[PDB]
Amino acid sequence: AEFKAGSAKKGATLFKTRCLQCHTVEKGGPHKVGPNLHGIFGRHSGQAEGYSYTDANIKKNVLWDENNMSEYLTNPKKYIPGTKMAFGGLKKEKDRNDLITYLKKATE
């Protein structure tokens, strides 16, 4: 809900242990069960090239920023009802700040 820059070093560890199973960050990177996240910030939802999203993620049409990403990551299924995933969220605010600090840089 209210992003504050944290530790990108801790964020990189959080990405490996909590996201990397389903996502990649690199430009041209592959889709896993979830879409490749290159260019995610400043783009509307459902637009990773070559990835087929649910109607819910497409219809949400959220312009990803650091704040709505933090709210989304707390509980994705609450933010986008209908989204399909075996992911429940990053409940700790410090974790979300660190993760997003790293992600903003890694997906640029």
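Take the two forms, superpose them, and find the largest set of C-alpha atoms that agree within 1.5 Å; that set is the rigid core. Numbers for residues come from their place in the sequence shown, where the first is 1.
- On a core superposition, give the stretch, 78-86 or 63-71, with the larger average C-alpha separation from this form in 4 other deposited structures of this protein (RMS over structures and residues). Taking the RMS over all superposed structures in 4 other deposited structures of this protein, 78-86 lies farther out.
- Query: Lowest, middle or highest third: where is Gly46 by C-alpha B factor in its chain?
  - Reply: It belongs to the lowest third of the chain when residues are ordered by C-alpha B-factor.
- Among all modelled residues of this chain, ranked by Cα B factor, put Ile58 in the bottom, middle or top third, i.e. lowest, middle or highest. Middle third of the chain for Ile58's C-alpha B-factor.
- Name the third of the chain's ranked CA B-factors that contains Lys10, choosing lowest, middle or highest. As the PDB entry reports it, the C-alpha B-factor of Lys10 lands in the middle third of its chain.
- Message: Lowest, middle or highest third: which one holds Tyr72 when the chain's residues are ordered by CA B-factor from the entry?
- Response: It belongs to the lowest third of the chain when residues are ordered by C-alpha B-factor.
- Query: Within this chain, which third does the Cα B-factor at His38 fall in: lowest, middle or highest?
  - Reply: Bottom third by C-alpha B-factor.
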